[PDB]
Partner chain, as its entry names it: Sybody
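Below you'll find only one chain, the form solved without the partner chain, shown as structure tokens.
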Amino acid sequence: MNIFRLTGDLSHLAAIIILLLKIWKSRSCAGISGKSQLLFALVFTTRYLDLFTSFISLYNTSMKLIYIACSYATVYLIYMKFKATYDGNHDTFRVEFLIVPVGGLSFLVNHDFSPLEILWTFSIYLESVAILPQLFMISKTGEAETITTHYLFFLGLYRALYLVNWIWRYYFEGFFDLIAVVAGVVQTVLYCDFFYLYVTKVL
């Protein structure tokens, strides 16, 4: 554990809280793709399955439980409460063409053919493309009412801090993860497309 994975996770957490609090106060999830939020909740579900097998630290367990509870609550706030503001007519990305290749990719490319390692690799590959339904929604409508600039800021700071996390990890520990780094580059390119679409079409 280093400071850039630490702050990157906190930056990742800050954005999730911003979106969860924005939907709650505005009583609205218009412009948000619940399919994307469902995928990010599936990411935390398959990434943190090690809670039923391995308790590492109180901080480590709390972050997992907070990540899971926060994105689960966002999904509840989109599909049950405030569902009258869910723009389901535009959140129409056929995500089966996404989880099936990602699932097959995690089945074939992993660090170990172990159940928990396969589902961790799935979460890493799924998290890299989970933003695709939301990008499909924004490009179609050109609108994203619930999306605020500072929500993007902590999304970019999160990916940018994991950029430093990869570098500090290699130079000070000799650790390098081809699977996570490659998927992270895919996630970063798509997240810049998120930021570019917001500036050019929304803001």
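Numbering follows the first chain given and starts at 1.
One more form of this protein exists, namely the form deposited with the partner chain bound; it is left out here, but the text below deals with it.
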Is residue 60 a contact residue for the partner chain in the deposited bound form, using a 4.5 Å heavy atom cut-off?
yes
Quick check on residue 116: any heavy atom within 4.5 Å of the partner chain in the deposited bound form?
yes
Residue 6 within 4.5 Å of the partner chain in the deposited bound form, heavy atoms:
yes
Residue 142 within 4.5 Å of the partner chain in the deposited bound form, heavy atoms
no
Three residues, 2, 171 and 177; all within 4.5 Å of the partner chain in the deposited bound form via heavy atoms?
yes
Testing 134-142, 148-156, 46-54, 33-41 against the partner chain in the deposited bound form with a 4.5 Å heavy atom criterion leaves exactly one stretch, namely 46-54
Let me know which residues along 94-115 have a heavy atom within 4.5 Å of the partner chain in the deposited bound form, or say none if there are none.
111, 112
